[PDB]
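Only one chain comes next, encoded as structure tokens, the form deposited in one PDB entry.
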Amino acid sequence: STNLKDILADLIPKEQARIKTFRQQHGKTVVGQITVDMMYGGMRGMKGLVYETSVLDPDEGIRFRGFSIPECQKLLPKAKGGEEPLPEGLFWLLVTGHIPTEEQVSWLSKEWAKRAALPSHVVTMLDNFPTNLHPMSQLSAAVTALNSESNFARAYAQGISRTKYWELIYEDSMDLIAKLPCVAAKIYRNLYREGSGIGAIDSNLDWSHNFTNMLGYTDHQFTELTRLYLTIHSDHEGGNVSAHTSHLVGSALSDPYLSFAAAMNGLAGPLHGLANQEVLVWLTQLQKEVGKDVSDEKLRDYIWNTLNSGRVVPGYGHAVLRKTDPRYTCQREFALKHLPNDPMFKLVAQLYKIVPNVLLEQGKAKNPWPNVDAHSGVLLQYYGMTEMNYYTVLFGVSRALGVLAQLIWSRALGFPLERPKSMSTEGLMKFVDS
């Protein structure tokens, strides 16, 4: 009823049988071609993997189990006295494919509060970490060290049946998610608050409220933003570096902790998790080379010169998207509500007007419209979250929801080891010549 585990237990056999049938019939159906260019181009356009939780039509944006961001904003349960969707309900949707009732989201909130205790070696390790070790390295090192708690690793060693793998994965995942705000808040304070304590988990609050409590924020609006941020960053298909990494590491039957740890090292890379910071630093240098309240034409020039300099306009474009990312739109709406008269936000909203006009004239874009990262950093800066390095930790906490939801299903459906074939250049050349 409210026990996610029994609900999942009921869904899984339906889904096994539905895939078994599908593979019997259409297993040998060709869905795409592989070229030389795709092999050297990082599997671009290559249909690589099955990923159930979410799907990104390049035209209309991410869909969580068929539901768009707007639909989730409406249907997903909210906090009492709040407007933004709770991450809890997102997670439930990703795991069950069903919109949760208020009671199930409350149940889940209690489960995650109850599983939030950190083992002392992990506390100790975060507290001894130096201030020059980046937040994302700290997050990953600590999640890896939490695998001491892994049910799944201990059970695998003792020869547990394949049919039961997903149960241990689920427990481990519920444990990880529950703990992530503690880990992340402990990093936040140790770096940016002279190592002050994270305080206590309130058993009756939602995941995002305990998190902001542990971060030291009391602004109700920052808690609403967090709930909106953690929902919308939760998943973005299987092919993004962090989801693919966790999928790949998961398939060797590495436990959730190690799987997720690997995903964060993926997310720590510039071309994945840093665009947020890359946009903010530019917006700051923009308002420091053109000044505030500038002119739409003065702006049009800055954009032109930037592209003539051969530099990118950060936050505009996507690997696969070809339109305004709904996660951008999502954030704009929240800005229009709670901080419409913010210098930086007006600038962002100004750049929405100009930037999609160039790039398409430049001819080089395909996607001239903005992505999520164009809009996230000014919301975070607005509420006093100014430490840019830390931003990707927030992304990572969010992305746990997506990839762990899917990891449960990957194990439920017995997905095997990911292991493609590679070729050398010299080997490719001989192969094409035959």
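Numbering starts at 1 and follows the sequence shown. Between two forms, the rigid core is defined as the largest C-alpha subset superposing within 1.5 Å.
In this crystal structure, the stretch out of 372 to 380 and 36 to 44 whose C-alpha atoms carry the higher mean B factor is 372 to 380. Set 188 to 196 against 353 to 361 and average the Cα temperature factors; 353 to 361 ends up higher.
Residues shown: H121, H209, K110, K346. Highest C-alpha temperature factor in the entry: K346. In this entry, the residue among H247, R115, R300, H233 with the greatest C-alpha B factor is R300. In this PDB entry, the Cα temperature factor of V50 sits in the bottom third of its chain's modelled residues, the lowest group. Among the modelled residues of the chain, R399 sits in the lowest third by CA temperature factor in this PDB entry. In the PDB entry, a CA B factor belonging to the lowest third of its chain's modelled residues is recorded for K179. The deposited CA B-factor of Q158 belongs to the highest third of values across its chain. In this PDB entry, the Cα temperature factor of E171 sits in the bottom third of its chain's modelled residues, the lowest group.
Below, we turn to the form deposited in another entry, even though it does not appear here.
Comparing C-alpha positions between this form and the one not shown after a rigid core fit, one residue in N132, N308, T218, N128 moves 2 angstroms or more. It is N308.
Taking 2 Å as the criterion, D202 does not count as shifted between this form and the one not shown: its C-alpha moves by less than this amount when the rigid core is aligned. After superposing the rigid core, the Cα of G291 is displaced by 2 Å or more between this form and the one not shown.
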